[PDB]
>>> print(open('model_34.pdb').read())   # PDB, C-alpha atoms
ATOM      1  CA  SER A   1     -62.259  39.982  -0.370  1.00  0.00           C
ATOM      2  CA  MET A   2     -62.110  37.256  -3.059  1.00  0.00           C
ATOM      3  CA  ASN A   3     -62.995  33.583  -2.503  1.00  0.00           C
ATOM      4  CA  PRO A   4     -60.155  31.055  -2.380  1.00  0.00           C
ATOM      5  CA  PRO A   5     -60.315  27.721  -4.162  1.00  0.00           C
ATOM      6  CA  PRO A   6     -62.399  25.330  -2.061  1.00  0.00           C
ATOM      7  CA  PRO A   7     -60.807  22.551  -0.005  1.00  0.00           C
ATOM      8  CA  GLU A   8     -59.962  19.553  -2.111  1.00  0.00           C
ATOM      9  CA  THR A   9     -62.382  16.648  -2.265  1.00  0.00           C
ATOM     10  CA  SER A  10     -60.402  14.482  -4.714  1.00  0.00           C
ATOM     11  CA  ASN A  11     -56.747  13.453  -4.669  1.00  0.00           C
ATOM     12  CA  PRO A  12     -55.998  10.175  -6.468  1.00  0.00           C
ATOM     13  CA  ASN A  13     -52.618   9.661  -4.857  1.00  0.00           C
ATOM     14  CA  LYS A  14     -53.970  10.038  -1.300  1.00  0.00           C
ATOM     15  CA  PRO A  15     -54.607   6.507   0.040  1.00  0.00           C
ATOM     16  CA  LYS A  16     -58.229   5.836   0.958  1.00  0.00           C
ATOM     17  CA  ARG A  17     -60.334   3.481   3.069  1.00  0.00           C
ATOM     18  CA  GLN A  18     -64.018   2.780   3.749  1.00  0.00           C
ATOM     19  CA  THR A  19     -64.013   1.824   7.447  1.00  0.00           C
ATOM     20  CA  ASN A  20     -67.081   1.119   9.576  1.00  0.00           C
ATOM     21  CA  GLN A  21     -66.387   4.353  11.472  1.00  0.00           C
ATOM     22  CA  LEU A  22     -66.255   6.348   8.229  1.00  0.00           C
ATOM     23  CA  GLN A  23     -69.521   4.729   7.124  1.00  0.00           C
ATOM     24  CA  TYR A  24     -71.048   5.856  10.441  1.00  0.00           C
ATOM     25  CA  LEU A  25     -69.709   9.379   9.890  1.00  0.00           C
ATOM     26  CA  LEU A  26     -71.651   9.515   6.610  1.00  0.00           C
ATOM     27  CA  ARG A  27     -74.821   7.546   7.410  1.00  0.00           C
ATOM     28  CA  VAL A  28     -75.310   8.887  10.965  1.00  0.00           C
ATOM     29  CA  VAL A  29     -73.229  11.994  11.670  1.00  0.00           C
ATOM     30  CA  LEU A  30     -73.320  13.890   8.366  1.00  0.00           C
ATOM     31  CA  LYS A  31     -76.892  12.819   7.601  1.00  0.00           C
ATOM     32  CA  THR A  32     -78.115  14.051  10.999  1.00  0.00           C
ATOM     33  CA  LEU A  33     -76.451  17.454  10.754  1.00  0.00           C
ATOM     34  CA  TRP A  34     -77.252  17.933   7.055  1.00  0.00           C
ATOM     35  CA  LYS A  35     -81.029  17.620   7.542  1.00  0.00           C
ATOM     36  CA  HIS A  36     -81.160  20.013  10.521  1.00  0.00           C
ATOM     37  CA  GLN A  37     -82.999  23.335  10.242  1.00  0.00           C
ATOM     38  CA  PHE A  38     -79.730  25.150  10.990  1.00  0.00           C
ATOM     39  CA  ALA A  39     -77.580  23.270   8.448  1.00  0.00           C
ATOM     40  CA  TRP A  40     -77.958  25.701   5.546  1.00  0.00           C
ATOM     41  CA  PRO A  41     -75.069  28.131   6.321  1.00  0.00           C
ATOM     42  CA  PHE A  42     -72.745  25.133   6.606  1.00  0.00           C
ATOM     43  CA  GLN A  43     -73.772  23.167   3.497  1.00  0.00           C
ATOM     44  CA  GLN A  44     -71.181  24.820   1.218  1.00  0.00           C
ATOM     45  CA  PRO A  45     -67.982  26.883   1.486  1.00  0.00           C
ATOM     46  CA  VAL A  46     -68.408  30.395   2.845  1.00  0.00           C
ATOM     47  CA  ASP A  47     -68.998  32.714  -0.125  1.00  0.00           C
ATOM     48  CA  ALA A  48     -67.261  35.813   1.187  1.00  0.00           C
ATOM     49  CA  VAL A  49     -68.232  37.773  -1.930  1.00  0.00           C
ATOM     50  CA  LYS A  50     -71.981  37.133  -1.798  1.00  0.00           C
ATOM     51  CA  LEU A  51     -72.044  37.492   2.001  1.00  0.00           C
ATOM     52  CA  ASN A  52     -69.873  40.652   1.917  1.00  0.00           C
ATOM     53  CA  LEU A  53     -67.286  39.285   4.370  1.00  0.00           C
ATOM     54  CA  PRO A  54     -64.080  40.607   2.779  1.00  0.00           C
ATOM     55  CA  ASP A  55     -62.025  39.731   5.876  1.00  0.00           C
ATOM     56  CA  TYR A  56     -63.324  36.147   6.228  1.00  0.00           C
ATOM     57  CA  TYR A  57     -60.417  34.432   4.476  1.00  0.00           C
ATOM     58  CA  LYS A  58     -57.930  36.794   6.095  1.00  0.00           C
ATOM     59  CA  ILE A  59     -58.986  35.328   9.462  1.00  0.00           C
ATOM     60  CA  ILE A  60     -60.006  31.778   8.477  1.00  0.00           C
ATOM     61  CA  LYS A  61     -57.010  30.021   6.919  1.00  0.00           C
ATOM     62  CA  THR A  62     -58.330  26.432   7.178  1.00  0.00           C
ATOM     63  CA  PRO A  63     -61.877  26.715   5.806  1.00  0.00           C
ATOM     64  CA  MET A  64     -64.213  23.766   6.109  1.00  0.00           C
ATOM     65  CA  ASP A  65     -67.904  23.127   5.519  1.00  0.00           C
ATOM     66  CA  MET A  66     -70.319  20.203   5.352  1.00  0.00           C
ATOM     67  CA  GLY A  67     -70.582  20.339   1.559  1.00  0.00           C
ATOM     68  CA  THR A  68     -66.868  19.573   1.427  1.00  0.00           C
ATOM     69  CA  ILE A  69     -67.211  16.899   4.125  1.00  0.00           C
ATOM     70  CA  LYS A  70     -70.147  15.312   2.281  1.00  0.00           C
ATOM     71  CA  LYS A  71     -68.139  15.119  -0.950  1.00  0.00           C
ATOM     72  CA  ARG A  72     -65.115  13.752   0.915  1.00  0.00           C
ATOM     73  CA  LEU A  73     -67.225  11.019   2.498  1.00  0.00           C
ATOM     74  CA  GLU A  74     -69.103  10.189  -0.716  1.00  0.00           C
ATOM     75  CA  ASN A  75     -65.786  10.151  -2.636  1.00  0.00           C
ATOM     76  CA  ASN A  76     -64.010   8.008  -0.002  1.00  0.00           C
ATOM     77  CA  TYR A  77     -61.377  10.724   0.468  1.00  0.00           C
ATOM     78  CA  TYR A  78     -60.405   9.765   4.010  1.00  0.00           C
ATOM     79  CA  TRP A  79     -58.116   7.131   5.473  1.00  0.00           C
ATOM     80  CA  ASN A  80     -59.632   7.266   8.962  1.00  0.00           C
ATOM     81  CA  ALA A  81     -62.471   8.660  11.025  1.00  0.00           C
ATOM     82  CA  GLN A  82     -60.178  11.082  12.873  1.00  0.00           C
ATOM     83  CA  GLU A  83     -59.543  13.003   9.633  1.00  0.00           C
ATOM     84  CA  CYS A  84     -63.275  13.528   9.162  1.00  0.00           C
ATOM     85  CA  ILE A  85     -63.938  14.360  12.823  1.00  0.00           C
ATOM     86  CA  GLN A  86     -61.192  16.966  12.494  1.00  0.00           C
ATOM     87  CA  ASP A  87     -62.986  18.497   9.496  1.00  0.00           C
ATOM     88  CA  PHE A  88     -66.201  18.879  11.519  1.00  0.00           C
ATOM     89  CA  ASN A  89     -64.304  20.435  14.410  1.00  0.00           C
ATOM     90  CA  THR A  90     -62.498  22.815  12.043  1.00  0.00           C
ATOM     91  CA  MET A  91     -65.873  23.907  10.663  1.00  0.00           C
ATOM     92  CA  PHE A  92     -67.284  24.659  14.122  1.00  0.00           C
ATOM     93  CA  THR A  93     -64.102  26.344  15.356  1.00  0.00           C
ATOM     94  CA  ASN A  94     -63.924  28.600  12.302  1.00  0.00           C
ATOM     95  CA  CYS A  95     -67.454  29.792  13.008  1.00  0.00           C
ATOM     96  CA  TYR A  96     -66.609  30.587  16.641  1.00  0.00           C
ATOM     97  CA  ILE A  97     -63.360  32.338  15.644  1.00  0.00           C
ATOM     98  CA  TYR A  98     -64.907  34.564  12.994  1.00  0.00           C
ATOM     99  CA  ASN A  99     -68.187  35.455  14.716  1.00  0.00           C
ATOM    100  CA  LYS A 100     -69.256  36.776  18.146  1.00  0.00           C
ATOM    101  CA  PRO A 101     -70.840  34.924  21.089  1.00  0.00           C
ATOM    102  CA  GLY A 102     -74.604  34.856  20.793  1.00  0.00           C
ATOM    103  CA  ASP A 103     -74.655  35.624  17.061  1.00  0.00           C
ATOM    104  CA  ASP A 104     -77.306  33.654  15.191  1.00  0.00           C
ATOM    105  CA  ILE A 105     -74.667  31.754  13.227  1.00  0.00           C
ATOM    106  CA  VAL A 106     -72.902  30.762  16.478  1.00  0.00           C
ATOM    107  CA  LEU A 107     -76.150  29.472  18.004  1.00  0.00           C
ATOM    108  CA  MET A 108     -76.644  27.463  14.809  1.00  0.00           C
ATOM    109  CA  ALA A 109     -73.156  25.964  14.979  1.00  0.00           C
ATOM    110  CA  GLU A 110     -73.669  25.172  18.676  1.00  0.00           C
ATOM    111  CA  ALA A 111     -76.866  23.250  17.920  1.00  0.00           C
ATOM    112  CA  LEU A 112     -75.167  21.234  15.181  1.00  0.00           C
ATOM    113  CA  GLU A 113     -72.120  20.639  17.377  1.00  0.00           C
ATOM    114  CA  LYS A 114     -74.292  19.302  20.203  1.00  0.00           C
ATOM    115  CA  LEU A 115     -75.706  16.686  17.832  1.00  0.00           C
ATOM    116  CA  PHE A 116     -72.235  15.970  16.455  1.00  0.00           C
ATOM    117  CA  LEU A 117     -70.970  15.262  19.972  1.00  0.00           C
ATOM    118  CA  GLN A 118     -73.954  13.039  20.749  1.00  0.00           C
ATOM    119  CA  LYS A 119     -73.340  10.976  17.613  1.00  0.00           C
ATOM    120  CA  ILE A 120     -69.580  10.686  17.955  1.00  0.00           C
ATOM    121  CA  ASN A 121     -70.091   9.478  21.529  1.00  0.00           C
ATOM    122  CA  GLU A 122     -71.474   6.297  19.905  1.00  0.00           C
ATOM    123  CA  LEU A 123     -68.820   5.964  17.210  1.00  0.00           C
ATOM    124  CA  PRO A 124     -68.471   2.188  16.698  1.00  0.00           C
ATOM    125  CA  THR A 125     -65.238   0.419  17.555  1.00  0.00           C
TER     126      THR A 125
END
>>> encode(input="model_34.pdb", output="structure tokens")
Amino acid sequence: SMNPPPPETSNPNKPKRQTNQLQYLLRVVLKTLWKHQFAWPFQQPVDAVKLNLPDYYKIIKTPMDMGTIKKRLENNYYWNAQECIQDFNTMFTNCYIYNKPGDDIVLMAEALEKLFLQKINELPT
């Protein structure tokens, strides 16, 4: 029922890059999803205490959220675009795992994921 430490956003010994694809992931992908009307549940780690979801972190063992992704991008945490794309997909998958089809939160994730897919379809070479 308690919250775990959040995913790390800083690790000085992890090697880092600022590739054109990573810049696109921040300036296009993250920015588009972050401003969406349905972004709010995904803008920070799930607070299982405040939301009264005592089983959330029993089921979700690789938590991820756009607040974490935003900090990772702004902090140049990643080596490549695939790492960041994986974080987005982990976020969506966690939502679908924990919740039920048709739940409001699932419809919200689906809308954000549709935009995600549209933007990553134009990921620059």
>>> closest_residue(input="model_34.pdb", among="A:70, A:17, A:36, A:100", to="residue A:115", atoms="all atoms listed in the file")
A:36
>>> closest_residue(input="model_34.pdb", among="A:87, A:44, A:81, A:99", to="residue A:25", atoms="all atoms listed in the file")
A:81
>>> atom_distance(input="model_34.pdb", atom1="atom CA of residue A:28", atom2="atom CA of residue A:16")
20.0 Å
>>> closest_residue(input="model_34.pdb", among="A:102, A:69, A:14, A:2", to="residue A:29", atoms="only C-alpha atoms")
A:69
>>> resolve_selection(input="model_34.pdb", expression="the PyMOL selection byres ((chain A and resi 41) around 10)", output="list in words")
residues 38, 39, 40, 42, 43, 44, 45, 46, 47, 65, 66, 105, 108 and 109 of chain A
>>> axis_aligned_box(input="model_34.pdb", around="stretch 39-55 of chain A", padding_each_side="8 Å", output="lines of an AutoDock Vina configuration file")
center_x = -70.0
center_y = 31.9
center_z = 3.3
size_x = 31.9
size_y = 33.5
size_z = 26.4
>>> atom_distance(input="model_34.pdb", atom1="atom CA of residue A:62", atom2="atom CA of residue A:20")
26.9 Å
>>> resolve_selection(input="model_34.pdb", expression="the PyMOL selection byres ((chain A and resi 21) around 10)", output="NGL selection string")
:A and (18-20 or 22-27 or 80-82 or 84 or 120 or 123-125)
>>> closest_residue(input="model_34.pdb", among="A:117, A:112, A:73, A:95", to="residue A:34", atoms="only C-alpha atoms")
A:112
>>> closest_residue(input="model_34.pdb", among="A:104, A:71, A:116, A:94", to="residue A:59", atoms="all atoms listed in the file")
A:94
>>> closest_residue(input="model_34.pdb", among="A:106, A:49, A:91, A:33", to="residue A:64", atoms="all atoms listed in the file")
A:91
>>> atom_distance(input="model_34.pdb", atom1="atom CA of residue A:67", atom2="atom CA of residue A:101")
24.4 Å
